[PDB]
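Given next, in structure tokens, is a single chain: the form deposited in one PDB entry.
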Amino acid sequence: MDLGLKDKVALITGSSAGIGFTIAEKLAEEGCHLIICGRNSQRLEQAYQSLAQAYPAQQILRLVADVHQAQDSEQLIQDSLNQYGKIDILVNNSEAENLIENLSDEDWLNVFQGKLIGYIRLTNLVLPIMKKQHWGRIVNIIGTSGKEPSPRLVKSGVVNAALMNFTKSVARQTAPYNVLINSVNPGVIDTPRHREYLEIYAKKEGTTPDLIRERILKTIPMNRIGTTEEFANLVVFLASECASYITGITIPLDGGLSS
């Protein structure tokens, strides 16, 4: 399937590893030029070298930035536009206490100043550019940062509900400009954070990582943990010319967890 992505410019946040990295790879495979970013300069350079070697014909800009910080986010967009003159695609992809009574005002304000305002801010920054182009795709990754999907995750639940509604509202307003915005909700995907979570959960309980993994597998109807490639495939489809009539929706990519 021709996705119509040749020479499209894609900014993928959180692209030094895991889901974001594989999304960047797949976008490059379809002919996009890339902006990849993250806070960890060492990890980002490894990603950058891997992508440049795998896709020597494609342009790749790497930028160290904290996309939960206003100044870094503003400069990220300015540097991207300076390099490429356009930004066609934005993939928003960014990152303990679970008991309600224990969460203070500062705790909640702190959660809102992370991913929630982070995605809103970056969306706001790219919208004028995409509207000028009459072409944009924004895909919001609305998950739990490698934790087992569960209603117990209270902070992420609130933030993710807010972001799903924001997605609908912005989609409705930007649809007349062919700027489309959708969200994808991962199930259990085999990422570095997921693997780190297996280690952390195995200790709190007194067991092994393989044992915790087996318990997780029982909850997934497919009885298999998803790959980053499986997740990336949908994101790339949504970011394509082929998804030109799809906007304002949230899609679970989860091996049946939602059933």
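Numbering starts at 1 and runs along the sequence shown. Rigid core: the largest C-alpha set superposing within 1.5 Å between the two forms.
One more form of this protein should be noted, the form deposited in another entry, which is absent from this view; the next part is about it.
Engineer: Given a cut-off of 2 Å on Cα movement between this form and the one not shown, rigid core as reference, pick the single residue from 121, 147, 155, 86 that exceeds or meets it.
Structural biologist: With the rigid core fitted, the residue that moves is 147.
Engineer: Would one find the Cα atoms of residue 146 and residue 156 closer or farther in that other deposited form than in this form, where their distance changes by 3 Å or more?
Structural biologist: Relative to the displayed form, residue 146 and residue 156 draw closer in that other deposited form - a change of at least 3 Å between their C-alphas.
Engineer: Kindly indicate if, in that other deposited form, the C-alpha atoms of residue 248 and residue 151 are closer or farther apart than in the structure shown, bearing in mind the change is 3 Å or more.
Structural biologist: Compared with this form, residue 248 and residue 151 lie farther apart in that other deposited form.
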